[PDB]
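Architecture at a glance
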Amino acid sequence: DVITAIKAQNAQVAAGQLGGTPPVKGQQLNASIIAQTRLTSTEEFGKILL
Amino acid sequence: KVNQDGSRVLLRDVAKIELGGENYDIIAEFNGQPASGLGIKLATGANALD
């Protein structure tokens, strides 16, 4: 239970841009989405819903 | 799926099953016309000429 939490909770996900891959006619903003990304402290580690 | 009235929901009913490419990121045209190409580069030491 502890192990399998420190996994989900502390991991590194993926999430497309906005345009990039084939978009719609006349689009304008392409940006990069930034989803889940690794904890970086004993603090954030301290806090894991177990 | 297979909904309660027992119909069918297959991909045609949710995904537009097409046939494009891996990336939609490189768009190229020769003489203002839609084209593809390959950037043939020189193996180290072999003769550009040969």
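Parameters at a glance
- Residues numbered from 1 in each chain as written, not as in the entry; some residues may be left out.
- Chains lettered and ligands numbered in written order.
- Part of a larger assembly, values for the part shown.
- Heavy atoms only, no water.
- Helix = DSSP H or I, 4+ residues; strand = E, 2+ residues; numbered from the N terminus.

X-ray crystallography is the method the PDB entry lists for this structure, together with a resolution of 3.10 Å.

By the naming in the PDB entry, chain B is ACRB, taken from Escherichia coli. In the PDB, the structure is listed with the title "Crystal structure of a multidrug transporter reveal a functionally rotating mechanism".

Chain A carries the name ACRB in the PDB entry, which gives Escherichia coli as its organism.

**Remarks on unusual backbone geometry**
At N31 of chain B, a residue that is not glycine, the phi angle is positive and equals roughly 55 degrees. Positionally, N31 of chain B belongs in the loop between β1 (29–30) and β2 (33–34).

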